[PDB]
């Protein structure tokens, strides 16, 4: 299958990935207001499959630790979202055996949306309040099957976003972690044996987001 390696030690929170996701899919914009943060939209929703979370952690001396988390479906190797959806109706959540993408169909409207969301260790699923369809990151599965990089991976200027085969990315993840530790000694990989979106965090993953890791 395929794998993302997301090196957050290189992320400038440019939100190129946030706009690139919506441009490729032609998703609508949410109604937003500034409430004392650059973060917007403030959460994932039916129409927002990726938002960059901003967290400020106080530090000894000048400046802060500013932690950026471009959040998406981890496309789990054994997705608990599918396990729960399959209780109600098989074909609401399906898996691509070639890429490893975990895909929500419009049948999600006819399963317990609340249960499927609660089944996610990463709190990723979002429900359309009108149609009750579940929406999230689909890994740009169509682009990947047509030999293109996902829109958020191609757009990323810093080298934060990396994509390819499992073996290639796990190797890259292990090699990069060793180099990053020389600058960020508290660097760790997020649930590297369970998911296909492997984040490298510069410190406590939970400082990035409460559901950053399981």
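Positions refer to the first chain, counted from 1. Definition used throughout: the rigid core is the maximal C-alpha set that superposes within 1.5 Å between two forms.
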property: Higher-deviation stretch (C-alpha RMS, rigid core fit) in 9 other deposited structures of this protein, choosing from 57 to 65 and 144 to 152; result: 57 to 65
property: Greater mean Cα temperature factor according to the PDB record, 136 to 144 or 82 to 90; result: 82 to 90
property: Higher-B stretch (mean Cα B-factor, as the entry records it), 200 to 208 or 10 to 18; result: 200 to 208
property: Highest-ranked of 30, 174, 56, 43 once sorted by CA temperature factor in the record; result: 174
property: Top residue by Cα temperature factor, when 159, 150, 61, 70 are compared in the entry; result: 61
property: Residue 124 by Cα B-factor - lowest, middle or highest third of the modelled chain; result: lowest
property: CA B-factor placement of residue 75, once the chain's modelled residues are sorted into thirds; result: lowest
property: Within-chain third of residue 49 by Cα B-factor, per the entry; result: lowest
property: Where the record places residue 178 (Cα B-factor, split into thirds across the chain); result: highest
property: Cα B factor band for residue 37 (lowest, middle or highest third within the chain); result: lowest
